[PDB]
Amino acid sequence: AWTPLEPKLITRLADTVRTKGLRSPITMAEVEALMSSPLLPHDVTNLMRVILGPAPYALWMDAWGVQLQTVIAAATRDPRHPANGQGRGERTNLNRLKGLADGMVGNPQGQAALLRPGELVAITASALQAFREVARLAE
Amino acid sequence: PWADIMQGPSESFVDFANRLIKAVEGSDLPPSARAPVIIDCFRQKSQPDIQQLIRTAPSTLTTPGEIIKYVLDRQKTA
Amino acid sequence: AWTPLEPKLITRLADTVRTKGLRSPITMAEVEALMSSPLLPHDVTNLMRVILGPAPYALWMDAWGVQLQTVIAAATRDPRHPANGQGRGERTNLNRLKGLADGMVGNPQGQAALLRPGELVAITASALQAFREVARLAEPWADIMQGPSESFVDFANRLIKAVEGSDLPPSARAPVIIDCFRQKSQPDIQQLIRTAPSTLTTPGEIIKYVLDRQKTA
Amino acid sequence: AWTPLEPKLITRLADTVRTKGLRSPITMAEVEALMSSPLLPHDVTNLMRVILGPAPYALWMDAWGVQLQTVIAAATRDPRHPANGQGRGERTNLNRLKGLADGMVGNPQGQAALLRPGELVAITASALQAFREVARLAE
Amino acid sequence: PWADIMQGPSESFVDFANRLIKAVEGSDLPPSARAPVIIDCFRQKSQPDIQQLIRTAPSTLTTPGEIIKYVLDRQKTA
Amino acid sequence: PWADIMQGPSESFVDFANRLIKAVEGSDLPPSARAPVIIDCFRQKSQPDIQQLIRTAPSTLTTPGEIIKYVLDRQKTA
Amino acid sequence: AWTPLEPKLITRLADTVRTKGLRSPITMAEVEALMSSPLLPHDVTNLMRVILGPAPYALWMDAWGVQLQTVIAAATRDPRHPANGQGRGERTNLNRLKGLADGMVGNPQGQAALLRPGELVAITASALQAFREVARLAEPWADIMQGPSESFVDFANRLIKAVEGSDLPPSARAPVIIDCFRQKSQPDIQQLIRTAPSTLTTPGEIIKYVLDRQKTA
Amino acid sequence: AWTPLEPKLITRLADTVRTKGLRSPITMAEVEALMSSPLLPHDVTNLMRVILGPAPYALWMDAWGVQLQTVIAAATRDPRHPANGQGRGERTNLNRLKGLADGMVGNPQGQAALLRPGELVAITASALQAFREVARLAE
Amino acid sequence: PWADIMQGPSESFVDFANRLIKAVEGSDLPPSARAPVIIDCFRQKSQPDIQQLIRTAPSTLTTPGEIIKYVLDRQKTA
Amino acid sequence: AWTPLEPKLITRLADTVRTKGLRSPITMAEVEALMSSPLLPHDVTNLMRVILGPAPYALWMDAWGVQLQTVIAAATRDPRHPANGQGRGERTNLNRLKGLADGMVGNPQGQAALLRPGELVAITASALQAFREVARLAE
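Protein chains in written order, with the UniProt record's numbering: chain A, 249 to 387; chain B, 391 to 468; chain C, 249 to 387, 391 to 468; chain D, 249 to 387; chain E, 391 to 468; chain F, 391 to 468; chain G, 249 to 387, 391 to 468; chain H, 249 to 387; chain I, 391 to 468; chain J, 249 to 387.
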């Protein structure tokens with residue numbers, strides 16, 4: 249069952265990003281805090297939509313896609329990925345990682361249903377690395 | 391009005407990009423027409439130094455985020 | 249059946265050669281236009297008699313003979329020439345190419361009867377190359396600079412014209428055009444080409460890149 | 249049997265390109281007019297040699313090659329191309345499209361002999377698209 | 391001291407590069423830290439004309455030799 | 391009259407050749423006698439600078455077109 | 249067994265590079281001389297460290313890496329490389345070419361032990377090509396004219412020097428040298444070359460002809 | 249096994265040619281000295297590349313080709329050439345003399361492998377005569 | 391003495407050739423050394439106009455008769 | 249048996265050439281007169297040595313050689329030459345025409361012995377044509 253993040257925590261994090269900036273160690277610590285439980289693509293996408301401005305959000309979408317593509321290359325380079333399965337029918341496509349696959353587009357409940365925990369942690373680590381890249385790039 | 395937005399002589403590029411993306415997304419355009427308009431406004435507005443910086447891009451920039459990243463990398467520090 | 253070229257087109261082409269000269273690209277385009285269908289030796293001979301003066305006509309007769317001789321050497325070097333046949337009885341002599349063979353002298357109908365289409369196209373290409381030689385002879392790429400006020404497309408047009416209408420081999424024109432774009436074309440465009448993140452290996456690609464990133468002024 | 253285009257029409261089209269430019273709608277209409285019947289590589293090549301200047305002609309050769317390469321990729325992606333045949337012996341190489349194949353170099357009669365109507369229409373559409381690209385690029 | 395080396399207003403770029411590489415390689419840095427330091431000193435020293443020349447590099451330069459070659463190609467002849 | 395044609399002191403060579411070939415081909419000579427006459431008139435008319443230029447030809451010129459080409463190549467630009 | 253190159257030869261070569269430069273034909277000849285026997289990566293690396301300055305050495309390391317990568321691409325494109333073997337266990341990695349593999353780092357004896365002669369000659373040719381690239385890069392032919400008082404052999408020397416020490420491809424130097432002999436080389440020699448009863452198709456032949464028939468003065 | 253000439257001797261010979269010229273008797277004596285052992289086409293070619301300037305090198309290539317052609321005419325005029333063999337399969341082509349034959353282009357080791365001693369001495373004498381011609385021609 | 395014979399400033403070429411061939415054939419030279427000497431005396435004597443005329447000979451002249459014919463053909467009529 | 253021409257006739261012809269020149273019709277008539285009987289190479293050679301100066305004699309030697317070479321080309325183009333024979337062993341070499349063959353050098357008696365009448369008339373006609381060429385060339 250999907251539970252959304254508190255809008256109070258999200259508002260506090262947005263104001264933190266607004267006053268301290270993207271690169272302060274306190275901001276990265278707060279992001280790591282709100283990045284503790286494995287989030288669904290819907291959660292991370294809306295979180296970055298709210299806390300980041302328009303141009304940093306575009307940059308972050310780009311960087312997140314690139315990092316997820318690196319993850320999928322490593323996944324096709326190793327059939328023992330915690331997102332993959334043993335047979336070929338469990339291979340994870342980027343539509344399933346970005347939340348674009350069938351039964352997931354716009355629906356967080358179905359998303360949480362079909363996604364694997366390894367998928368969730370890989371998406372989360374990818375999003376964190378992308379946030380780091382964009383923060384280092386913006387300023 | 392988005393089509394009246396120019397980058398001021400003293401304005402930085404991130405402020406201009408913020409203002410332009412705000413005015414384009416908060417307008418009457420369809421959702422599928424915002425990215426091309428933002429790109430073509432980056433190319434024709436954004437005073438001729440950045441215009442030439444975007445023009446002479448060895449790579450093809452096909453997204454507002456990529457254009458912003460490229461310009462922020464190669465901008466004239468001043 | 250032989251059909252003559254219109255004297256109206258020939259008169260217009262003659263006046264074009266009279267005003268623009270022999271070497272202008274418009275004149276060469278007009279000649280290529282009137283050189284579209286394969287012409288009989290009679291047609292090309294009368295055409296050059298009318299459009300060219302006496303001395304250029306003598307030069308053109310010389311050059312046409314030389315080019316036809318090169319063609320006949322290539323023909324005796326390959327029995328599969330579209331003018332030749334398989335047996336030795338179809339070998340094409342210069343009397344048949346210049347229209348001097350038996351049954352052809354002065355008669356365009358008999359000419360059109362006995363001539364092959366490969367013969368016609370070879371004669372036509374030979375005459376075109378001879379016209380190019382004489383035009384280059386009757387009236391320098393390494394002296395071309397882009398003027399301070401000249402645009403880049405005009406400079407590129409002038410340079411490509413002078414390089415292709417010169418004595419260089421065909422396989423040496425593209426590298427020369429590129430290296431002349433790089434060293435001529437005043438230092439703003441020189442630096443624009445130098446700082447190209449991609450490698451430009453064709454005059455068209457260089458022209459496209461420069462037209463994209465040029466300083467609008 | 250090959251019939252050349254009238255030098256009168258070609259002269260009028262060249263003067264149209266000279267006065268109106270490459271991008272005017274009247275010029276594109278005139279080109280579409282002279283691009284009505286499927287032309288052999290010889291015809292289109294000489295036409296562009298006459299109507300275009302040296303630098304636009306170089307650009308057009310480049311663009312025509314690129315578009316023909318895209319066509320040949322689509323052809324190897326579908327064995328039912330009107331230029332292709334059913335067996336592998338009818339596969340169309342770029343030497344046959346650009347007029348560089350055996351029995352075609354410099355000879356328009358042999359060209360018209362060996363070429364297919366699908367080949368001709370594909371070459372013609374490729375040349376038209378290349379002309380559009382170069383016209384959009386020159387000015 | 392390598393961190394005090396600046397390209398003089400009248401000095402050429404090859405002399406500055408020679409002096410900088412000399413002072414960086416003949417110093418107390420580890421061997422695996424010389425190339426990044428030389429690059430980042432090319433980028434921040436080397437007076438703002440060459441700074442902007444390196445900044446607006448359509449390609450990514452990841453070696454002191456490549457940076458030197460690029461700058462020598464596109465330098466302002468004077 | 392072809393035998394009265396001289397190259398004027400100020401006249402160019404292509405004009406003289408045009409005039410001479412015109413007068414020789416539009417005359418009462420047989421067709422097989424025009425080329426030798428045109429050559430021998432190039433050699434004896436065509437004021438002594440071009441006369442010496444044709445005389446000192448390392449190659450043998452046996453056609454009016456070849457003589458015209460040679461003279462146009464090696465003529466005194468003035 | 250590994251034998252080092254003489255420091256006397258290396259000192260002489262370093263002083264040659266110091267006085268004549270990187271691009272002089274004498275310097276390239278000396279490098280070819282000291283590049284005669286197949287050298288181990290240690291030898292070539294130390295040689296370039298000694299004879300080249302710091303910045304040319306960085307450029308040369310870059311170029312050598314790129315050329316070795318092209319070699320390894322050709323090697324994976326052909327299992328019959330003299331550096332490769334027949335089985336997959338003899339495939340040559342860049343760590344083995346650059347001397348970075350196991351048992352080779354810093355030790356020339358072990359290097360000479362494990363390396364193949366094909367490996368050595370490939371490394372050597374790669375290093376030579378990289379040296380050529382860097383020499384062409386570290387330091391204008393179309394601006395060269397024969398002065399009114401200059402002799403022809405001096406003009407030919409200067410022109411051939413500037414054309415061969417430039418950015419042209421190797422297959423484009425002879426036609427450019429010929430066409431520069433024809434258009435430069437003030438109009439007396441221009442007419443001397445123009446009126447050549449034979450066709451001159453080589454810079455050496457043109458030089459010989461002009462030296463024979465030149466106006467002694 | 250191929251052994252290269254010393255670059256020290258080559259440098260000294262190049263400076264001799266630079267100061268004394270091509271035609272001095274001391275220069276010809278030095279060339280005869282460095283022309284003592286039969287050289288492979290690679291050796292003589294690189295030697296003339298280093299000691300001669302560009303234009304004398306072009307002249308020398310021409311003269312060397314002409315002299316080698318005279319040698320090959322004498323060889324087809326006598327089947328007992330020390331470069332030839334008794335059967336027709338040992339006839340020596342100019343590609344083998346100029347080092348252009350198969351297995352020799354750019355490789356001095358293979359060159360030294362396939363070449364005959366008579367071939368080497370004929371190439372060497374031809375190169376010496378060509379050097380004499382070019383020296384008499386240059387000044 | 392043959393080695394003292396020069397073509398005078400006003401002397402024609404056939405007179406000079408006659409005098410030179412006379413003095414060379416009526417001398418103490420071997421019979422096999424007369425033609426090369428006559429040629430090399432035509433080339434070095436025979437005042438610099440004819441010297442340059444013989445020098446710029448597109449063909450190679452290997453006989454005194456051929457040199458005489460060539461010079462008589464291409465000589466400056468005066 | 250060889251009989252020499254009278255030195256009186258030769259002296260008169262030499263003085264005729266000296267006063268009238270080489271090209272006068274009387275001189276050509278006198279030469280035709282002394283060219284009536286077929287002469288041996290020795291006779292014509294000495295005759296031209298006496299009547300012609302040194303430079304015209306060199307020119308005449310050149311022209312005579314060229315004309316004899318044309319004759320020998322026509323002879324190898326037709327095995328029915330009055331100088332040739334039917335078999336290949338009677339083919340006439342230029343050494344036999346110029347009097348340079350074996351048993352003829354300097355000896356007019358042996359010359360007259362081995363030479364054919366067709367050889368003599370061909371040599372004579374060649375010498376007459378060469379004299380005409382040189383006379384037209386000298387003045």
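Cβ atoms here follow ideal geometry from the backbone N, Cα and C, with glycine treated the same way.
{"Asked": "8 Å CB neighbourhood of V427/I in its chain, flanking five on each side removed", "Found": "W392, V414 and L419"}
{"Asked": "Environment of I458/I [buried if 16+ CB atoms lie within 10 Å]", "Found": "buried"}
{"Asked": "Proximity below 8 Å, CB of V369/J to CB of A311/J", "Found": "no"}
{"Asked": "Where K435/G sits in the DSSP three-state scheme", "Found": "coil"}
{"Asked": "N- and C-terminal bounds of the alpha helix (DSSP H) containing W308/D", "Found": "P302 to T324"}
{"Asked": "Alpha-carbon spacing of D263/G relative to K466/E, whole angstroms", "Found": "30 Å"}
{"Asked": "Backbone secondary structure at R328/H - three-state DSSP", "Found": "coil"}
{"Asked": "Any alpha helix (DSSP H) of 4 or more consecutive residues that is wholly inside the stretch 254 to 287 of chain D", "Found": "255 to 268 and 273 to 282"}
{"Asked": "Supposed close pair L362/G, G351/G - CB separation, criterion 8 Å", "Found": "6 Å"}
{"Asked": "Three-pair Cβ contact test at 8 Å for the stretch 404 to 411 of chain I versus the stretch 288 to 296 of chain H", "Found": "no"}
{"Asked": "Limits of the alpha helix (DSSP H) - the one that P356/H falls within", "Found": "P356 to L362"}
{"Asked": "Range of the contiguous alpha helix (DSSP H) that encloses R464/B", "Found": "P454 to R464"}
{"Asked": "Residue closest to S422/C, alpha-carbon to alpha-carbon, out of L282/C, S400/C, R445/C and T453/C", "Found": "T453/C"}
{"Asked": "8 Å contact criterion, which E278/G and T259/H should meet: CB distance rounded", "Found": "6 Å"}
{"Asked": "Interface flag, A447/E vs chain G, CB-CB below 8 Å", "Found": "no"}
{"Asked": "Interface positions of the stretch 394 to 405 of chain C facing chain E (Cβ-Cβ less than 7 Å), listed along the chain", "Found": "none"}
{"Asked": "is_contact[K466/G, chain I] using C-beta, thresh 8 Å", "Found": "yes"}
{"Asked": "Start-to-end residues for the alpha helix (DSSP H) that takes in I371/A", "Found": "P365 to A386"}
{"Asked": "Backbone CA spacing between residue 234/C and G347/C [nearest angstrom]", "Found": "What the structure shows of chain C is the stretch from 249 to 468, and residue 234/C is not part of that stretch, so it cannot be assessed."}
{"Asked": "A447/F to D394/F span [Cα, whole Å]", "Found": "25 Å"}
{"Asked": "Selection from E387/J, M296/J, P356/J and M309/J that minimises the alpha carbon distance to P252/J", "Found": "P356/J"}
{"Asked": "Amino acids of chain E, ordered along the chain, whose beta-carbon sits closer than 9 Å to that of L443/B", "Found": "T446"}
{"Asked": "Chain D within 8 Å of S284/C, Cβ atoms only", "Found": "yes"}
{"Asked": "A407/B: first and last residue of the uninterrupted alpha helix (DSSP H) it sits in", "Found": "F403 to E415"}
{"Asked": "Short CB-CB distance (under 8 Å) between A413/I and chain J", "Found": "no"}
{"Asked": "Host alpha helix (DSSP H) of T293/G (start-end)", "Found": "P289 to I299"}
{"Asked": "Collapsed DSSP secondary structure at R339/A in the structure displayed", "Found": "coil"}
{"Asked": "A383/J: contacting residues in chain I (beta-carbon distance under 9 Å)", "Found": "Those do not exist, as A383/J stays about 13 Å from chain I at its closest Cβ, beyond 9 Å."}
{"Asked": "Helix, strand or coil at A349/A according to DSSP, with G and I counted as helix", "Found": "coil"}
{"Asked": "Interface residues of the stretch 251 to 266 of chain D facing chain C [CB-CB below 8 Å]", "Found": "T251, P252, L253, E254, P255, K256, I258, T259 and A262"}
{"Asked": "Residue-level contact to chain B via CB, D418/C, 8 Å cutoff", "Found": "no"}
{"Asked": "Closest by C-alpha distance to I299/J, when choosing among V314/J, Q315/J, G313/J and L282/J", "Found": "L282/J"}
{"Asked": "Cβ neighbour criterion (16 or more within 10 Å) applied to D463/F", "Found": "exposed"}
{"Asked": "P255/H, buried or exposed, once every other Cβ within 10 Å from all chains shown has been counted against 16", "Found": "buried"}
{"Asked": "Proximal residues to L270/A (C-beta, below 6 Å), its chain only, five neighbours per side dropped", "Found": "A383 and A386"}
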